[PDB]
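File shown here: coords17.cif, holding mmCIF, C-alpha atoms and all ligand atoms; chains and numbers go by the auth columns.
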```cif
data_work
loop_
_atom_site.group_PDB
_atom_site.id
_atom_site.type_symbol
_atom_site.label_atom_id
_atom_site.label_comp_id
_atom_site.label_asym_id
_atom_site.label_seq_id
_atom_site.Cartn_x
_atom_site.Cartn_y
_atom_site.Cartn_z
_atom_site.B_iso_or_equiv
_atom_site.auth_seq_id
_atom_site.auth_asym_id
ATOM 1 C CA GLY A 1 -32.159 10.011 2.655 0.00 1 Z
ATOM 2 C CA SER A 2 -29.133 10.069 0.362 0.00 2 Z
ATOM 3 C CA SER A 3 -25.876 12.000 0.720 0.00 3 Z
ATOM 4 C CA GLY A 4 -23.198 10.160 -1.233 0.00 4 Z
ATOM 5 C CA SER A 5 -20.294 9.972 1.204 0.00 5 Z
ATOM 6 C CA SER A 6 -19.250 7.445 3.849 0.00 6 Z
ATOM 7 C CA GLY A 7 -16.406 9.468 5.330 0.00 7 Z
ATOM 8 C CA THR A 8 -13.349 8.323 3.394 0.00 8 Z
ATOM 9 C CA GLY A 9 -10.856 10.344 5.412 0.00 9 Z
ATOM 10 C CA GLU A 10 -11.749 10.213 9.100 0.00 10 Z
ATOM 11 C CA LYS A 11 -8.706 9.202 11.147 0.00 11 Z
ATOM 12 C CA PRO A 12 -7.845 8.326 14.772 0.00 12 Z
ATOM 13 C CA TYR A 13 -5.825 11.547 14.860 0.00 13 Z
ATOM 14 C CA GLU A 14 -7.458 14.909 14.152 0.00 14 Z
ATOM 15 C CA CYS A 15 -6.417 18.339 15.425 0.00 15 Z
ATOM 16 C CA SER A 16 -8.990 20.504 17.204 0.00 16 Z
ATOM 17 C CA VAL A 17 -7.281 23.854 17.779 0.00 17 Z
ATOM 18 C CA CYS A 18 -7.278 24.308 14.004 0.00 18 Z
ATOM 19 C CA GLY A 19 -9.142 21.227 12.819 0.00 19 Z
ATOM 20 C CA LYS A 20 -6.845 18.928 10.856 0.00 20 Z
ATOM 21 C CA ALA A 21 -6.461 15.204 10.181 0.00 21 Z
ATOM 22 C CA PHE A 22 -3.478 12.846 10.126 0.00 22 Z
ATOM 23 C CA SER A 23 -2.509 9.176 9.876 0.00 23 Z
ATOM 24 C CA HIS A 24 -0.042 8.800 12.747 0.00 24 Z
ATOM 25 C CA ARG A 25 -0.021 10.541 16.128 0.00 25 Z
ATOM 26 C CA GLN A 26 3.601 11.651 15.782 0.00 26 Z
ATOM 27 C CA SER A 27 2.523 13.489 12.632 0.00 27 Z
ATOM 28 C CA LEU A 28 -0.209 15.272 14.588 0.00 28 Z
ATOM 29 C CA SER A 29 2.159 16.402 17.341 0.00 29 Z
ATOM 30 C CA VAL A 30 4.781 18.024 15.114 0.00 30 Z
ATOM 31 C CA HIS A 31 1.843 19.777 13.452 0.00 31 Z
ATOM 32 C CA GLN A 32 0.299 21.196 16.627 0.00 32 Z
ATOM 33 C CA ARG A 33 3.618 23.034 16.889 0.00 33 Z
ATOM 34 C CA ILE A 34 2.435 25.508 14.253 0.00 34 Z
ATOM 35 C CA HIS A 35 0.075 26.671 17.001 0.00 35 Z
ATOM 36 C CA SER A 36 3.037 27.919 19.036 0.00 36 Z
ATOM 37 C CA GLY A 37 2.622 31.462 20.324 0.00 37 Z
ATOM 38 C CA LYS A 38 0.617 32.231 17.193 0.00 38 Z
ATOM 39 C CA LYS A 39 -2.730 33.303 18.648 0.00 39 Z
ATOM 40 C CA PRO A 40 -2.931 37.125 18.679 0.00 40 Z
ATOM 41 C CA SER A 41 -5.859 38.691 20.535 0.00 41 Z
ATOM 42 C CA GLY A 42 -6.778 40.806 17.526 0.00 42 Z
ATOM 43 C CA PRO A 43 -5.771 40.850 13.841 0.00 43 Z
ATOM 44 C CA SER A 44 -5.851 44.630 13.426 0.00 44 Z
ATOM 45 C CA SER A 45 -5.135 46.507 16.655 0.00 45 Z
ATOM 46 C CA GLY A 46 -3.092 49.503 17.762 0.00 46 Z
HETATM 47 ZN ZN ZN B . -3.677 21.999 14.408 0.00 1 H
#
```
Starting from the coordinates I provided, produce the structure as structure tokens.
Amino acid sequence: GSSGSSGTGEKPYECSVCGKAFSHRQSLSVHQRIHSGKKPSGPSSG
């Protein structure tokens, strides 16, 4: 078939917890930080 895209972004470093991409590993680490104690069980509770 035909799609029209040969993945022009894929990188050796891509986050999973949130699903992001980066060029260097160091850039991926500092990013994962955003996922620090920021995962509440429920959005609207209590
Ligand atoms: Zn992430």
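Taking all atoms listed in the file into account, the protein and nucleic acid residues that come at most 12 Å from ligand ZN 1 (chain H) are residues 13, 14, 15, 16, 17, 18, 19, 20, 21, 22, 27, 28, 29, 30, 31, 32, 33, 34, 35, 36 and 38 of chain Z.
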What gap, in Å, lies between CA of residue 25 in chain Z and CA of residue 4 in chain Z?
29.0 Å
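Between CA of residue 10 in chain Z and CA of residue 23 in chain Z the separation is 9.3 Å.
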CA of residue 9 in chain Z to CA of residue 26 in chain Z, distance in Å rounded to a single decimal
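Going from CA of residue 9 in chain Z over to CA of residue 26 in chain Z, I get 17.8 Å.
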Where atoms are missing, can you supply N, CA, C and O atoms for range 2-25 of chain Z and output the lot as a PDB file, keeping the file's coordinate frame?
```pdb
ATOM      1  N   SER Z   2     -30.339  10.406   1.111  1.00  0.00           N
ATOM      2  CA  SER Z   2     -29.133  10.069   0.362  1.00  0.00           C
ATOM      3  C   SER Z   2     -28.159  11.243   0.345  1.00  0.00           C
ATOM      4  O   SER Z   2     -28.534  12.371   0.026  1.00  0.00           O
ATOM      5  N   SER Z   3     -26.906  10.968   0.692  1.00  0.00           N
ATOM      6  CA  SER Z   3     -25.876  12.000   0.720  1.00  0.00           C
ATOM      7  C   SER Z   3     -24.803  11.726  -0.328  1.00  0.00           C
ATOM      8  O   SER Z   3     -24.498  12.582  -1.159  1.00  0.00           O
ATOM      9  N   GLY Z   4     -24.233  10.526  -0.283  1.00  0.00           N
ATOM     10  CA  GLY Z   4     -23.198  10.160  -1.233  1.00  0.00           C
ATOM     11  C   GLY Z   4     -21.803  10.339  -0.670  1.00  0.00           C
ATOM     12  O   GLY Z   4     -20.929  10.906  -1.326  1.00  0.00           O
ATOM     13  N   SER Z   5     -21.593   9.856   0.551  1.00  0.00           N
ATOM     14  CA  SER Z   5     -20.294   9.972   1.204  1.00  0.00           C
ATOM     15  C   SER Z   5     -20.282   9.208   2.525  1.00  0.00           C
ATOM     16  O   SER Z   5     -21.084   9.478   3.419  1.00  0.00           O
ATOM     17  N   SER Z   6     -19.365   8.251   2.639  1.00  0.00           N
ATOM     18  CA  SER Z   6     -19.250   7.445   3.849  1.00  0.00           C
ATOM     19  C   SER Z   6     -17.959   7.766   4.595  1.00  0.00           C
ATOM     20  O   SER Z   6     -17.290   6.874   5.114  1.00  0.00           O
ATOM     21  N   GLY Z   7     -17.616   9.050   4.646  1.00  0.00           N
ATOM     22  CA  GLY Z   7     -16.406   9.468   5.330  1.00  0.00           C
ATOM     23  C   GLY Z   7     -15.202   8.635   4.941  1.00  0.00           C
ATOM     24  O   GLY Z   7     -14.889   7.639   5.594  1.00  0.00           O
ATOM     25  N   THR Z   8     -14.524   9.041   3.872  1.00  0.00           N
ATOM     26  CA  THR Z   8     -13.349   8.323   3.394  1.00  0.00           C
ATOM     27  C   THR Z   8     -12.067   9.064   3.756  1.00  0.00           C
ATOM     28  O   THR Z   8     -11.133   9.135   2.959  1.00  0.00           O
ATOM     29  N   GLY Z   9     -12.029   9.616   4.966  1.00  0.00           N
ATOM     30  CA  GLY Z   9     -10.856  10.344   5.412  1.00  0.00           C
ATOM     31  C   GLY Z   9     -10.677  10.288   6.917  1.00  0.00           C
ATOM     32  O   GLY Z   9      -9.551  10.267   7.412  1.00  0.00           O
ATOM     33  N   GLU Z  10     -11.790  10.265   7.643  1.00  0.00           N
ATOM     34  CA  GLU Z  10     -11.749  10.213   9.100  1.00  0.00           C
ATOM     35  C   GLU Z  10     -10.562   9.384   9.582  1.00  0.00           C
ATOM     36  O   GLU Z  10     -10.284   8.308   9.052  1.00  0.00           O
ATOM     37  N   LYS Z  11      -9.863   9.893  10.591  1.00  0.00           N
ATOM     38  CA  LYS Z  11      -8.706   9.202  11.147  1.00  0.00           C
ATOM     39  C   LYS Z  11      -8.703   9.285  12.670  1.00  0.00           C
ATOM     40  O   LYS Z  11      -9.353  10.140  13.271  1.00  0.00           O
ATOM     41  N   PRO Z  12      -7.953   8.376  13.311  1.00  0.00           N
ATOM     42  CA  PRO Z  12      -7.845   8.326  14.772  1.00  0.00           C
ATOM     43  C   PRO Z  12      -7.068   9.511  15.337  1.00  0.00           C
ATOM     44  O   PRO Z  12      -6.908   9.639  16.551  1.00  0.00           O
ATOM     45  N   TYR Z  13      -6.588  10.375  14.449  1.00  0.00           N
ATOM     46  CA  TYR Z  13      -5.825  11.547  14.860  1.00  0.00           C
ATOM     47  C   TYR Z  13      -6.272  12.785  14.087  1.00  0.00           C
ATOM     48  O   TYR Z  13      -5.988  12.923  12.898  1.00  0.00           O
ATOM     49  N   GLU Z  14      -6.972  13.683  14.773  1.00  0.00           N
ATOM     50  CA  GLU Z  14      -7.458  14.909  14.152  1.00  0.00           C
ATOM     51  C   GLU Z  14      -7.304  16.096  15.098  1.00  0.00           C
ATOM     52  O   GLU Z  14      -7.779  16.066  16.234  1.00  0.00           O
ATOM     53  N   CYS Z  15      -6.635  17.142  14.623  1.00  0.00           N
ATOM     54  CA  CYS Z  15      -6.417  18.339  15.425  1.00  0.00           C
ATOM     55  C   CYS Z  15      -7.736  19.056  15.703  1.00  0.00           C
ATOM     56  O   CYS Z  15      -8.683  18.959  14.924  1.00  0.00           O
ATOM     57  N   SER Z  16      -7.788  19.775  16.820  1.00  0.00           N
ATOM     58  CA  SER Z  16      -8.990  20.504  17.204  1.00  0.00           C
ATOM     59  C   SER Z  16      -8.748  22.010  17.165  1.00  0.00           C
ATOM     60  O   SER Z  16      -9.552  22.766  16.621  1.00  0.00           O
ATOM     61  N   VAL Z  17      -7.632  22.439  17.748  1.00  0.00           N
ATOM     62  CA  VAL Z  17      -7.281  23.854  17.779  1.00  0.00           C
ATOM     63  C   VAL Z  17      -7.503  24.506  16.420  1.00  0.00           C
ATOM     64  O   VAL Z  17      -8.010  25.624  16.331  1.00  0.00           O
ATOM     65  N   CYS Z  18      -7.121  23.799  15.362  1.00  0.00           N
ATOM     66  CA  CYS Z  18      -7.278  24.308  14.004  1.00  0.00           C
ATOM     67  C   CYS Z  18      -8.242  23.437  13.205  1.00  0.00           C
ATOM     68  O   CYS Z  18      -8.952  23.924  12.326  1.00  0.00           O
ATOM     69  N   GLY Z  19      -8.263  22.145  13.518  1.00  0.00           N
ATOM     70  CA  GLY Z  19      -9.142  21.227  12.819  1.00  0.00           C
ATOM     71  C   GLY Z  19      -8.469  20.567  11.632  1.00  0.00           C
ATOM     72  O   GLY Z  19      -8.761  20.895  10.482  1.00  0.00           O
ATOM     73  N   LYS Z  20      -7.563  19.635  11.909  1.00  0.00           N
ATOM     74  CA  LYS Z  20      -6.845  18.928  10.856  1.00  0.00           C
ATOM     75  C   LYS Z  20      -6.874  17.422  11.094  1.00  0.00           C
ATOM     76  O   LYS Z  20      -7.243  16.961  12.175  1.00  0.00           O
ATOM     77  N   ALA Z  21      -6.483  16.659  10.080  1.00  0.00           N
ATOM     78  CA  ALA Z  21      -6.461  15.204  10.181  1.00  0.00           C
ATOM     79  C   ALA Z  21      -5.085  14.651   9.832  1.00  0.00           C
ATOM     80  O   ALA Z  21      -4.327  15.269   9.084  1.00  0.00           O
ATOM     81  N   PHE Z  22      -4.765  13.482  10.378  1.00  0.00           N
ATOM     82  CA  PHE Z  22      -3.478  12.846  10.126  1.00  0.00           C
ATOM     83  C   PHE Z  22      -3.594  11.328  10.221  1.00  0.00           C
ATOM     84  O   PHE Z  22      -4.626  10.797  10.632  1.00  0.00           O
ATOM     85  N   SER Z  23      -2.527  10.633   9.839  1.00  0.00           N
ATOM     86  CA  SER Z  23      -2.509   9.176   9.876  1.00  0.00           C
ATOM     87  C   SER Z  23      -1.903   8.673  11.183  1.00  0.00           C
ATOM     88  O   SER Z  23      -2.486   7.832  11.868  1.00  0.00           O
ATOM     89  N   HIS Z  24      -0.728   9.195  11.521  1.00  0.00           N
ATOM     90  CA  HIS Z  24      -0.042   8.800  12.747  1.00  0.00           C
ATOM     91  C   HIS Z  24      -0.074   9.927  13.774  1.00  0.00           C
ATOM     92  O   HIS Z  24      -0.164  11.102  13.418  1.00  0.00           O
ATOM     93  N   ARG Z  25       0.001   9.561  15.050  1.00  0.00           N
ATOM     94  CA  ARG Z  25      -0.021  10.541  16.128  1.00  0.00           C
ATOM     95  C   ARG Z  25       1.189  11.467  16.047  1.00  0.00           C
ATOM     96  O   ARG Z  25       1.055  12.687  16.138  1.00  0.00           O
TER      97      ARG Z  25
END
```
